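Here's the letter readout for the chains.
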Amino acid sequence: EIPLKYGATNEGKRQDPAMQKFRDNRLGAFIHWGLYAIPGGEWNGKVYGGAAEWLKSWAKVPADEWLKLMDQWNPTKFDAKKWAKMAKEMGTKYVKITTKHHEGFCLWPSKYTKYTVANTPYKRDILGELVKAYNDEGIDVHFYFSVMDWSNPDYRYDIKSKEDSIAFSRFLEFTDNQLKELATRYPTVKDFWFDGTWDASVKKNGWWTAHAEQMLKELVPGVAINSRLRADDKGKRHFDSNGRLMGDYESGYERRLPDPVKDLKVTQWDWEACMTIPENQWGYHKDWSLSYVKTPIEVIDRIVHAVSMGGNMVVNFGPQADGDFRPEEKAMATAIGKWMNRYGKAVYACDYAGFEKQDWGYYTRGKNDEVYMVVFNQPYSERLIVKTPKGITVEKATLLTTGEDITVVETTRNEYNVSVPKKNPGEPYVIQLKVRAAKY
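Residues numbered from 1 in each chain as written, not as in the entry; some residues may be left out. Heavy atoms only, no water. Residues with missing side-chain atoms left out of burial classes, pairs and counts.

For the chain, the name recorded in the PDB entry is Alpha-L-fucosidase, with Bacteroides thetaiotaomicron as its organism. In its PDB record the entry is named "Crystal structure of a bacterial fucosidase with iminocyclitol (2S,3S,4R,5S)-3,4-dihydroxy-2-ethynyl-5-methylpyrrolidine". You can read under Function (unreviewed entry) in the UniProt record for the chain the words "Alpha-L-fucosidase is responsible for hydrolyzing the alpha-1,6-linked fucose joined to the reducing-end N-acetylglucosamine of the carbohydrate moieties of glycoproteins." (UniProt positions renumbered as here; feature names shortened; annotations may be inferred.)

Right, dumping it as structure tokens:
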């Protein structure tokens, strides 16, 4: 048992209405937009296979020359109302926006640096337009913020001298200033999602991470803050030195997901995962033939997987330089939306069900103890195995889309065979169960 000034603050899950809304939303979209969209993976005629938002690093481009891309920032086709309608149609209840990525370029007209939308041909407060357009559609907005900043020469990767410490203290004031600015300019913000916090400089300044959390919470009632921000007194990230979660939700599952059998620990706290459509591209990259691109069903699988284990999922989009979305992303959003509209009672406001995992798919639990079976792998046996926890029985099974009754046969103590539907739905589908707990 270690004493700590800058360790965990929350005891378990926040149960205030604002966290309940964050949780109940479940499905969100990620927007990565910045100067990296212009080159789109290519520098000086060489196409790089790494993440397009890291092109400055792959092509060894100096800050001065990279930030000169501001002179071509002119997204003529940008329309915040279209973006928001696209998100509504997809079934997303929130959107996480890159306010500033590692490159340092701000999508709002910050008063604390020259590297902003204001000093571009386009001039407009893109971030402010998005906040309004999304909020008009009833969609919450969350802010991605990269602490690591390649545009500011006071940034330090490590504190090796007293000069380093003096520079970096000025950098943290700059950062604090931008954060205060965002929270007061855009007070409808529901969440701040920190990234670029892994460097030794930040690990050595745990006190600051805890201060940023507390500062933003006093400025924005009920705001959420991700675990990735936080380091403790000793430099342990996400979870403090007593194994307690810092911030309001766990945010380490990036392009991977907890194991449905072995990683049940994650149901004890709030968490959010994010993912890309190709293997590893967040910002716009002009050539998607370079790695595997997920199909819509592969994406829906991951969404449901997350919710089945008590977490959120955020799907990423990397808008083009002109301010429109590429065709593959429009197709994905439309396909997800179609499926969510039909089967979203098993996703929105749902949580971990407490049932042993089975091969056919995933269980989710509803607000009134509905247990949904989301079927992704159809058994040739025509029987969907359902093993119940001690004291639970299955009284009825119903196909969600049609209301048709589904035969349930007891096979042993605590186990049933739920029949597949008479007509194969031809897609991942939901069977709703009615369960009863003995004197959930």
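After presenting the structure, the write-up continues.
The strand order β10-β11-β16-β13 describes an open sheet built from 4 strands, whose pairing is antiparallel. Because the sheet does not close on itself, it has two edges, and the strands there are β10 (361-365) and β13 (392-399). The sheet shows a mean angle of 25° between the axes of neighbouring strands, direction not considered. Relative to strand β16 (residues 429-437), strand β11 (residues 370-375) runs antiparallel, the two being bridged by 6 bridges. Bridge pairing links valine 375 to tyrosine 429 in β16. Sitting on the sheet, helix α9 (residues 296-308) is in contact with β10 and β11, with an inclination near 45° to β10. (Pairing = 2+ DSSP bridges. Helix = DSSP H or I, 4+ residues; strand = E, 2+ residues; numbered from the N terminus. Axes fitted to C-alpha atoms, helices over the stretch in contact; angles between N-to-C directions. Contact = heavy atoms within 4.5 Å.)

Here we take up the packing of helix α4 (residues 80-90) against helix α5 (residues 126-136). A pair of packed helices is captured by two measures, namely the crossing angle of their axes and the spacing between those axes. For the pair α4 and α5, the least separation of the axes is 8 Å and the interaxial angle reads 45°. In this view, α4 runs oblique relative to α5, as classed from their interaxial angle. Read as a crossing pair, α4 and α5 show a hand that is right-handed. Mapping the contact onto sequence places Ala80, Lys81, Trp83, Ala84 and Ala87 in α4 and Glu129, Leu130, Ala133 and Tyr134 in α5. Of the residues contributing to the contact of α4 with α5, the split by class is 7 nonpolar, no polar and 2 charged. (Parallel < 35°, antiparallel > 145°, perpendicular 65-115°, else oblique. Left-handed = near helix turned anticlockwise from the far one by under 90°. Nonpolar A, V, L, I, M, F, W, Y, C, P; charged D, E, K, R; others polar.)

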